[PDB]
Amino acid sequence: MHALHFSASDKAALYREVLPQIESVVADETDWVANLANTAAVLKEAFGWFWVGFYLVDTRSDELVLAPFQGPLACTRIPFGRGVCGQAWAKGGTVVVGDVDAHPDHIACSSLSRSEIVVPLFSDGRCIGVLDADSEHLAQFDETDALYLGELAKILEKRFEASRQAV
């Protein structure tokens, strides 16, 4: 059975400890939802963010649809271009928000969130979904999170491709 150690006190060092563990945990499963669910579990345990999880693109509706996550209840559907999530999708790149109250068109599924980061995932150069993380603290996410969650996105993208191949 897999088990996770994370000892490191500095943010960047904790990512360097956590990412290889995630890689190992998801290497062992083809099911995409299972892998997203365990990913978000590892992130929540390691970093303690208020909310962390995924939305996946629905090509039929041009909406992000809620997938696995840790934290309180969330909105199920985010239109293309709306919110930090829909902005990330539209831009094709990561969005870091130091103060959600000061950010344009943030969607507040929780009144409690104050900062956020959204990292898009791609297959064949099309966005398939986003990783979203939220904090109750202002400015919880910075370039360290963008770098390492971007690397995690790459690891997950490969698992998405494995999930398609496994059908």
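Note that residue numbering follows the sequence shown and begins at 1.
- As recorded in the PDB entry, 53 to 61 is the stretch of 53 to 61 and 126 to 134 with the greater mean C-alpha temperature factor.
- Per the PDB record, of the two stretches 7 to 15 and 147 to 155, 7 to 15 carries the greater mean B-factor over its C-alpha atoms.
- Going by the entry's values, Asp105 shows the largest Cα B-factor out of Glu116, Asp31, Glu45, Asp105.
- The PDB entry assigns its highest CA temperature factor, among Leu121, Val100, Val26, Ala37, to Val100.
- When the modelled residues of the chain are ordered by C-alpha B-factor, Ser110 sits in the highest third.
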